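Report on one structure; see the data block that follows.
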Amino acid sequence: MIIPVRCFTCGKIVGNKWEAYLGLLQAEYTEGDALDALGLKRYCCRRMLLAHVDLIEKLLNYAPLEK
Amino acid sequence: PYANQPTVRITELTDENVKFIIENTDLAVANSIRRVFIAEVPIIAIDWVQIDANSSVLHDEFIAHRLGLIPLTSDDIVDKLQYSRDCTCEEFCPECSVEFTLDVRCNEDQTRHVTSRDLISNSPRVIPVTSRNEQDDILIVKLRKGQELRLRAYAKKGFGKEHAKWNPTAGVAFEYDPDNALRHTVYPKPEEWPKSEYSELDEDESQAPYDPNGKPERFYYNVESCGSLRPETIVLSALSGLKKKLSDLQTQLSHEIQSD
Amino acid sequence: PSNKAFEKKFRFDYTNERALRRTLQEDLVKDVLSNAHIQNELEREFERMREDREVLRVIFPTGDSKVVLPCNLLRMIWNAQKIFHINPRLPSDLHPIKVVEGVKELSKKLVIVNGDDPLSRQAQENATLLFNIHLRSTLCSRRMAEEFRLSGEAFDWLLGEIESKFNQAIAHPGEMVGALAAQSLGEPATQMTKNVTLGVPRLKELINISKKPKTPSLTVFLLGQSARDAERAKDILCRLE
Amino acid sequence: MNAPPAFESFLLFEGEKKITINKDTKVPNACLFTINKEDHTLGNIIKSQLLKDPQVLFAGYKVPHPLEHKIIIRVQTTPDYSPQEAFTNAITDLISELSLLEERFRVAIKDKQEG
Amino acid sequence: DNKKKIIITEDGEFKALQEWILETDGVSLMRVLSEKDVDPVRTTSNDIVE
Amino acid sequence: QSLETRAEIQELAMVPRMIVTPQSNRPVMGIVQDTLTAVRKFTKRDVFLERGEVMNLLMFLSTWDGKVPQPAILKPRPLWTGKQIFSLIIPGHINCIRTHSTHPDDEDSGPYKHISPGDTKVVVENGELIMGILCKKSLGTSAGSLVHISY
Amino acid sequence: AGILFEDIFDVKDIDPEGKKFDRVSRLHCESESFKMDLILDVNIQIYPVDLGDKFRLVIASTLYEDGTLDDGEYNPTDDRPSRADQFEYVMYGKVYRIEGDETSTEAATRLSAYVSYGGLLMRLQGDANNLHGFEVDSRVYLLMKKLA
Amino acid sequence: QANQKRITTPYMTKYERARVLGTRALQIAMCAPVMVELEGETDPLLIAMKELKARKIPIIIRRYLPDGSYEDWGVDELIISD
Amino acid sequence: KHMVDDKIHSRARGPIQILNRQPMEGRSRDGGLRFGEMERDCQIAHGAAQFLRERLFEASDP
RNA sequence: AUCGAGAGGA
Ligand SMILES: [Zn+2]
Ligand SMILES: [Zn+2]
């Protein structure tokens, strides 16, 4: 739903790299190139970013119950 | 009948990780040091959330847990702070916890990203690692027009043996005998295996010749830090903690012997 | 075993002086060679084994030696050898007549149907016939002397252990053998799946008597030349089909 | 519902002692040390250092159950030695080794930063 | 060997004999047994009622 | 909920008493996947355990007299074999002769019958695993196996 | 002095049927002083041997130079003079089979002793005179040392 | 039936042993005198097991034969298999 | 979706049915386990008469 | 709470 703060396997922070990863993707970078640019050397963290779907953006479409 | 005489050798020391080699020590000691790296290094982490208001798409457990996973600067205040179990004060005090406060309302049309910058603490020395003066800030939650987050948090002292959020390591690489001299691992086909980063061999050879009178020495390390502590502080604090645990065990043993 | 193999392996000898000297100690071999009562008793033991061999040939028409019997006599012999530090390369102090009387006394001690009246005596004999035949075959004097080399204390311990194990193997009153059999027959069913019906369908077909078997069949065996030659056997086939 | 508290693995329960000395009867000059709220982290190092001693005939450690939080260390020494003394000497030597390693690591860190 | 003829030779071991057998698709046991050159001791059936 | 019921269950339906089935005169329990693969690898002829390894394994032996057996190799370094440790695991003085799943059919005919080149022909004497590699056919539910002989 | 058999052997083959194990190799050795036959399992990882090597085998019922029965227990902290210090490879085991060509009448002209050093087997066969000291269920030592 | 002769087996059965142990354990737990010297035992199951091993159980087994008769055996008069 | 937390259930003298005074059904109603025909069968093969009586009479509907 | 149905687990 939202990007996890830490990698499950090793515990390295990945919750501050989703927006940068998206920017690199829009900047014509390959996915692996973006992962290397963000310093994701371990394939656990590479999985944590590459396999993430962001459902919070879809959930933000619905109007809030309380105004 | 006495102790070893180990030697350290630091190959790479950065602001994120430390590389060092420990020579002339036992495998038990090296693995114990690694285990203490992972699980017995006290750092500061949020462990008490009181959500005043939350209109976001993530529930209160979701929010709290994400806030708890956020690492905080624990370089020096971790020693002065004491565990709330041993603290003689009430539930919280300045000497056993760090205050936090979040207050964000999204009023613009653009989606509001509640990052770790919105975490405001009473302690100037205990701040989120991404807020320290590059890497971006950790996303806690996203808010649209109307949704608002209001919470209070307390950061306590603990080690990874309790929760993984108090673990200060982003990976502890451990390796001995890069060339398989001791035959600890039996390769069915040695030529299929890539050389280690610390291997000292030619390409025509796969592993070192068998050493019948050898024991694991020259243990290699790569202690990546999550930002709560510098890697040198991690290693020093882990060594001190292992020494302290052995000391308490010695005191208990002396008391038990005297009781007999 | 054949007749010659049976005689060679189970008929105690008292004519080969050197073989007897190797097999047993000096006093024992002298006594066996001298006393004729000893030889007569050993001959009677071999005669009993021959009768038991014929009875076994009758009971098992096929040469299947696998039987399910209480006491693993070979295992107890091995245990006695290990316990009493028996040396298989030296003559033993065990007397063959001590062996024979020991087997007789142990047979008297192992009882399934008690009593003295002839009906109960015959019932006990029938109930322990197979185990007694096996026990005599295993505890032969020739075998115990030339193959097992047991000592006197080893033989005594062997007899006591056999008695205790058989008394332990005797069934217990109050056992629900019917429920035991039902469960022991129903369990394989859960694991079990010309042409002949087999498996659970045939098992059901058996339990509920089926007037009309799914695959009824007759296994016909021929008596005379028909069994050997082919023309007469096909003729019989035409006669039957 | 029956999840044990997180701190149960190291926090000592009230009235429960950290260590306990029991004597082995099967062999002489042997003792059983039962340490609560400890794990392989201390067990392995204590066992190895006891194995260093030339007058320690036996040294072994075990965790009876990974759900439980106690370790058992068995030490058998020479007739002229005592398992309690062997345990104490092993702990003292481990303390000395850790102190030396920490001092040398601090020196190496200072050298690496200062160039 | 479970369906062959097992005999005892003059020397005295078990020697299986290779002889023809006939397996039928039906069941008439009394009539089959009351036949010339058919063994009435070993011929059997698999229909328990019969 | 009652003392007599507890006593009768203890005296009849205990797992140790339920080892052998009257259904097929054989053990219903044996060694299962991980321990079976591990004992097959452990009882190989080329398994050598160091001093610390042997002591650590012995810490997990309940019926241990406390005496470390003499190592099968004293020089040039003390080493214990897996068969030695399993021999000390085996209880009492039970005797057993079994066969491994890789035993050739001609081994018992030609030479080396009693000295197996392939470390087959499991033999236990006086509670000691003299030789052989163990598998299902020696630690399983088959009749005559090691566990059956032990029971 | 506790020595049962002592002779010098020459290795004639090594795994003649195939390397069944990685760290253990079968040896087919013959002697010259007593004309013996030896088949031995050796841990070649710690004690490597090759074709044509010559060594002396000393089977002993006790490792102490003076005649004193051994308890068969690990006592590393022992300072008593032992003959193990004069050899390179010693294994501890028990005799599990003795086989001979004896008949129902004649004695044994030749003999074969089977020893198990914790699964590492050894068969020594030859004349019955020099194997008379071997008994089943008895503990022996190997005490091998290569010579040039 | 004369007490001089009996046709049942002299060995206690597993069912007889289980029921005797249970009944004696219940009796002990209901404050009955003990026939053995209790070193430190405080649980009826092991107290009854000690009494059984001492062959001092005050219980008589009434083995009912199918014909309708019965033979009374004391626990001390029966061989304990286990 | 198989979380053990929704499968654990224990009973000790809870509610009973109305037609027969036997324990209820389903962990949702705090009902006990069924000691069925096969269970009584195995206990018969065991010979545990007192345990069979306790299960089918004493602990079910005295 | 009762009945019935459906979906499932071993
Ligand atoms: Zn990772
Ligand atoms: Zn406080």
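Residue numbers (PDB author numbering), protein chains in the order written: chain A, 1 to 67; chain B, 2 to 134, 144 to 270; chain C, 911 to 1103, 1115 to 1162; chain D, 1 to 115; chain E, 1315 to 1364; chain F, 507 to 657; chain G, 2 to 149; chain H, 46 to 127; chain I, 1052 to 1113.
Just so you know, even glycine gets a beta-carbon here, dropped at the ideal spot from N, CA and C.
CB contact below 8 Å: residue i versus chain F
| i | result |
| --- | --- |
| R985 (chain C) | yes |
| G60 (chain D) | yes |
| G67 (chain H) | yes |
| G1098 (chain I) | yes |
| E957 (chain C) | no |
| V75 (chain D) | no |
Contacts around residue i, its chain only, beta-carbon distance under 6 Å, and the 5 residues preceding and following it disregarded
| i | result |
| --- | --- |
| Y84 (chain B) | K167 |
| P241 (chain B) | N18, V19, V233 and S235 |
| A183 (chain B) | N232 |
| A1079 (chain C) | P980 |
| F101 (chain B) | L120, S122 and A163 |
| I655 (chain F) | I600 and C602 |
Cut-off 7 Å between Cβ atoms - residues of its own chain near residue i, not counting five sequence neighbours on either side
| i | result |
| --- | --- |
| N134 (chain B) | none |
| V629 (chain F) | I603, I636, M637 and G638 |
| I104 (chain H) | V65, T68, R69 and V120 |
Within-8 Å CB hit, residue i to chain G
| i | result |
| --- | --- |
| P54 (chain D) | yes |
| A929 (chain C) | yes |
| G624 (chain F) | yes |
Nearest-angstrom Cβ-Cβ length linking residue i and residue j, presumed shorter than 8 Å
| i | j | result |
| --- | --- | --- |
| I579 (chain F) | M145 (chain G) | About 11 Å separates the two Cβ atoms, so there is no contact after all. |
| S238 (chain B) | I45 (chain D) | Wrong, their Cβ atoms sit about 25 Å apart, outside the cutoff. |
| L5 (chain G) | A85 (chain G) | Not quite, the Cβ-Cβ distance comes to about 16 Å (not below 8 Å), so this is no contact. |
| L509 (chain F) | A70 (chain H) | 5 Å |
| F1065 (chain C) | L1004 (chain C) | 6 Å |
| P178 (chain B) | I44 (chain B) | 5 Å |
| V58 (chain B) | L22 (chain A) | About 19 Å separates the two Cβ atoms, so there is no contact after all. |
Residues bridged to residue i [DSSP beta-bridge criterion]
| i | result |
| --- | --- |
| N44 (chain G) | G:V25 |
| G168 (chain B) | B:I44 |
| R107 (chain H) | H:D117 |
| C602 (chain F) | F:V630 |
| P911 (chain C) | According to DSSP, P911 (chain C) bridges with nothing at all. |
Cβ shell of residue i (< 8 Å), same chain only, five flanking positions each side left out
| i | result |
| --- | --- |
| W18 (chain A) | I3, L49, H52 and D54 |
| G15 (chain A) | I3, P4, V5 and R6 |
| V965 (chain C) | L1039 and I1043 |
Best match in the options for proximity to residue i [C-alpha to C-alpha]
| i | options | result |
| --- | --- | --- |
| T78 (chain D) | D:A86, D:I72 and D:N22 | D:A86 |
| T543 (chain F) | F:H654, F:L594, F:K643 and F:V653 | F:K643 |
| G1326 (chain E) | C:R960, C:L1095 and C:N982 | C:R960 |
| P1006 (chain C) | C:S1138, C:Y924 and C:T1100 | C:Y924 |
| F8 (chain A) | B:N5, B:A46 and B:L70 | B:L70 |
| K199 (chain B) | B:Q217, B:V130 and B:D27 | B:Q217 |
| residue 122 (chain D) | D:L32, D:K23, D:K17 and D:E38 | Residue 122 (chain D) lies beyond the stretch modelled for chain D, which goes from 1 to 115, so this question has no answer here. |
| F22 (chain G) | B:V196, B:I267 and B:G251 | B:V196 |
| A513 (chain F) | H:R107, H:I92 and H:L83 | H:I92 |
| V942 (chain C) | C:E1097, C:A1091 and C:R1052 | C:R1052 |
8 Å Cβ cutoff, residue i in contact with chain C
| i | result |
| --- | --- |
| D1092 (chain I) | yes |
| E631 (chain F) | yes |
| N601 (chain F) | yes |
| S34 (chain G) | no |
Cutoff 8 Å: residue i Cβ touching any chain A Cβ
| i | result |
| --- | --- |
| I44 (chain B) | no |
Residue i beta carbon near ligand 3 (any heavy atom closer than 7 Å)
| i | result |
| --- | --- |
| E96 (chain B) | Of the ligands this structure carries, namely ligand 1 and ligand 2, none is ligand 3. |
Below-8 Å beta-carbon distance, residue i vs any chain I residue
| i | result |
| --- | --- |
| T541 (chain F) | no |
| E1097 (chain C) | no |
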